[PDB]
Every structure is written in structure tokens, then in C-alpha cells.
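All remarks here apply to the structure that follows.
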Amino acid sequence: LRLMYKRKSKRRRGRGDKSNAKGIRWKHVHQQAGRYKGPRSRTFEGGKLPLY
RNA sequence: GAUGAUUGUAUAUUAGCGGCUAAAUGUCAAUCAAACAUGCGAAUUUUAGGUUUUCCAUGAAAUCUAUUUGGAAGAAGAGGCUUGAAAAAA
């Protein structure tokens, strides 16, 4: 039994430099280390009042 | 120092939001401006460490407004990418 079409494979982060995984460096260096990546809100705009 | 706020001893009291203190932040189980043990009360970090196999295609920025604007690019928006082409004899 076959699908007759190629199936997407898995891509685990932090598995070799040569891998086709997503970025690893940006996530660590140039990013907020707060476990939220920002204020724990839904309407945040950077100080200024929200749109609403 | 040694006739005196002398020394020494069995068993006892004061418990951390505290007690002791002839008053030093000195001491309470040999780094106490607030002791030690346990915790399904399962700890937070704009700083900072680490992040594991190959090959190929494509391919950045250090610019702007705002944040009483910062500095070792924090967050949000905008800007920046695959559009084209480039094959010829009276």
C-alpha cells in the first residue's frame, strides 16, 4: 500500500550545522530571553496605545 | 588580672514577624543587616552559557516613525527577495 506521493519529513532543530532546520543562532543571540518573547498580552504595540 | 563588675560546676529558662546585648550590627551548632530542615507553595531572569548528520538551491541589515530613546540591533510597524531574460542563414 502506497500514497502515490512523497510525504513530508521531520526537521529537528539543533541537529548539525548542515541540516535544513530553522535558525538556531537568532533565537539565542538576537532575541528576548523571557519565556514570553514579550509582554504577556495580546494587544501590545510598544509603549504606544493599542489600535483599539 | 589575682580579696574582687574573682574564677569554676550538676540540672534549668528566653526561638527568627524572635531572644540575648556593661551597645560592636557583637552573638544564638566554626562567613546571620535577619539562623538551619522540608515543600506536586512543582521559581523569576530584556544579562549570560550550551545547542548534536551530509549535499544542494536562493540569499540580508547595522536604515525610518513611535517608545519622557537608551546600548552590547529589546519589543511593535514599515523598508529590503524569484523581475527578467542572454541562442539565427539570402
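Going by the C-alpha cells order, chains are called A, B, ..., each with residues numbered from 1, while ligands are numbered from 1 in the order shown.
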Go through chain A and flag each residue having an atom no more than 7 Å from chain B; for those, report the closest pair of atoms plus their distance in Å to one decimal, using only C-alpha atoms (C1' of nucleotides), ordered by chain and rising number, as CSV.
```
residue,atom,partner,partner_atom,distance
A:14,CA,B:51,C1',5.8
A:15,CA,B:52,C1',5.2
A:16,CA,B:52,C1',5.9
A:18,CA,B:54,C1',6.7
A:32,CA,B:46,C1',5.6
A:33,CA,B:46,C1',6.8
A:34,CA,B:45,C1',6.9
A:38,CA,B:75,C1',6.2
A:45,CA,B:76,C1',4.5
A:46,CA,B:76,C1',5.0
A:47,CA,B:67,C1',5.1
A:48,CA,B:67,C1',6.7
```
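Neighbours of region 1-9 of chain A closer than or equal to 12 Å, with only C-alpha atoms (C1' of nucleotides) counted and sequence neighbours fewer than 3 positions away skipped, come out as residues 12, 20 and 21 of chain A.
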Take the residues from that selection and write them out as a compact mmCIF listing (two decimals), in the first residue's frame, keeping N, CA and C atoms.
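The resulting file, again_9.txt, is shown below:
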```txt
# COMPACT_ATOMS: atom_id res chain seq x y z
N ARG A 12 14.17 18.43 13.03
CA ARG A 12 14.51 18.74 14.37
C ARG A 12 15.57 19.81 14.46
N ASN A 20 18.88 21.17 7.28
CA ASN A 20 17.93 22.13 6.73
C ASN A 20 16.93 22.63 7.76
N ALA A 21 17.22 22.62 9.02
CA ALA A 21 16.46 23.08 10.11
C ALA A 21 16.39 24.59 10.13
```
Q: Could you please determine the separation between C1' of residue 15 (chain B) and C1' of residue 38 (chain B) in Å, to one decimal place?
A: 18.7 Å
**Q.** Given only C-alpha atoms as the counted atoms, nearest of A:39, A:13, A:44, A:49 to residue 25 (chain A)
**A.** A:13
